[PDB]
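Engineer: For reference, the structure I am asking about is given below.
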Protein chains: 2
Amino acid sequence: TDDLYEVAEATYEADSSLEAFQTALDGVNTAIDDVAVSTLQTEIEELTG
Amino acid sequence: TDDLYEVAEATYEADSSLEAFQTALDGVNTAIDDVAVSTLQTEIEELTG
């Protein structure tokens, strides 16, 4: 019992970690793309375009 | 073994919340990517001038 219920908790905190991968990792992906890239290009435009 | 399976799932609560730390440390980068790169423009106006 005290294996299985805690195997359950292990599965649940696997799942919770595994959903949190999708949000955290994409959180990193979206940190720069939506933010630095285009603005640098606009600052390149105003500098030199 | 059960007594240590409790410890296993306790490591997994911390594991899953460390995916929350991936949100809290890695997605949270985005202010860097903003403030480094939304910030030539104010000074570029002394080129436009």
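Identifiers in this document derive from the order of the structure tokens: chains are assigned A, B, ..., residues are numbered from 1 separately in each chain, and ligands are numbered from 1 in order of occurrence.
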Can you move chain A onto chain B by a least-squares fit over all C-alpha atoms paired in order, then give me the moved copy as a PDB file with C-alpha atoms, in the first residue's frame?

Structural biologist:
```
ATOM      1  CA  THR A   1       7.478   2.523   3.385  1.00  0.00           C
ATOM      2  CA  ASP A   2       8.644   5.682   5.164  1.00  0.00           C
ATOM      3  CA  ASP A   3      11.652   5.800   2.869  1.00  0.00           C
ATOM      4  CA  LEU A   4       9.672   5.183  -0.324  1.00  0.00           C
ATOM      5  CA  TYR A   5       6.741   7.598   0.180  1.00  0.00           C
ATOM      6  CA  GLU A   6       9.331  10.301   0.992  1.00  0.00           C
ATOM      7  CA  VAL A   7      11.558   9.247  -1.906  1.00  0.00           C
ATOM      8  CA  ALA A   8       8.312   9.939  -3.805  1.00  0.00           C
ATOM      9  CA  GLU A   9       8.033  13.405  -2.201  1.00  0.00           C
ATOM     10  CA  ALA A  10      11.740  13.900  -3.042  1.00  0.00           C
ATOM     11  CA  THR A  11      10.995  13.002  -6.688  1.00  0.00           C
ATOM     12  CA  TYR A  12       7.902  15.239  -6.725  1.00  0.00           C
ATOM     13  CA  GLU A  13       9.829  18.206  -5.278  1.00  0.00           C
ATOM     14  CA  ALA A  14      12.632  17.445  -7.686  1.00  0.00           C
ATOM     15  CA  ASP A  15      10.061  17.649 -10.546  1.00  0.00           C
ATOM     16  CA  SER A  16       8.419  20.801  -9.080  1.00  0.00           C
ATOM     17  CA  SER A  17      11.850  22.486  -8.739  1.00  0.00           C
ATOM     18  CA  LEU A  18      12.776  21.287 -12.243  1.00  0.00           C
ATOM     19  CA  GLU A  19       9.663  22.754 -13.892  1.00  0.00           C
ATOM     20  CA  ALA A  20      10.274  25.910 -11.835  1.00  0.00           C
ATOM     21  CA  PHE A  21      13.775  26.117 -13.382  1.00  0.00           C
ATOM     22  CA  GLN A  22      12.195  26.487 -16.853  1.00  0.00           C
ATOM     23  CA  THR A  23       9.828  29.279 -15.715  1.00  0.00           C
ATOM     24  CA  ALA A  24      12.254  31.073 -13.339  1.00  0.00           C
ATOM     25  CA  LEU A  25      15.335  30.944 -15.613  1.00  0.00           C
ATOM     26  CA  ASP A  26      13.330  32.140 -18.648  1.00  0.00           C
ATOM     27  CA  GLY A  27      11.826  34.721 -16.265  1.00  0.00           C
ATOM     28  CA  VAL A  28      15.393  36.099 -15.937  1.00  0.00           C
ATOM     29  CA  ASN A  29      16.110  35.768 -19.693  1.00  0.00           C
ATOM     30  CA  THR A  30      12.939  37.770 -20.483  1.00  0.00           C
ATOM     31  CA  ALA A  31      13.618  40.422 -17.784  1.00  0.00           C
ATOM     32  CA  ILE A  32      15.892  42.569 -19.998  1.00  0.00           C
ATOM     33  CA  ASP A  33      15.567  41.405 -23.654  1.00  0.00           C
ATOM     34  CA  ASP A  34      11.934  42.494 -24.153  1.00  0.00           C
ATOM     35  CA  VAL A  35      12.474  45.634 -22.073  1.00  0.00           C
ATOM     36  CA  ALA A  36      15.824  47.491 -21.965  1.00  0.00           C
ATOM     37  CA  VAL A  37      17.396  46.608 -25.346  1.00  0.00           C
ATOM     38  CA  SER A  38      14.966  48.060 -27.912  1.00  0.00           C
ATOM     39  CA  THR A  39      14.058  50.982 -25.633  1.00  0.00           C
ATOM     40  CA  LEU A  40      17.758  51.894 -25.269  1.00  0.00           C
ATOM     41  CA  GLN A  41      17.959  51.778 -29.080  1.00  0.00           C
ATOM     42  CA  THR A  42      14.928  54.113 -29.310  1.00  0.00           C
ATOM     43  CA  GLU A  43      16.517  56.439 -26.741  1.00  0.00           C
ATOM     44  CA  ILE A  44      19.766  56.284 -28.777  1.00  0.00           C
ATOM     45  CA  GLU A  45      17.648  57.216 -31.819  1.00  0.00           C
ATOM     46  CA  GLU A  46      16.036  60.207 -30.055  1.00  0.00           C
ATOM     47  CA  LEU A  47      19.422  61.199 -28.488  1.00  0.00           C
ATOM     48  CA  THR A  48      21.508  60.846 -31.639  1.00  0.00           C
ATOM     49  CA  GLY A  49      19.711  59.089 -34.521  1.00  0.00           C
TER      50      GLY A  49
END
```

Engineer: Among chain B, which residues carry a DSSP assignment of alpha helix (DSSP H), reported as a ChimeraX atom specification?

Structural biologist: /B:2-26,30-35,41-48
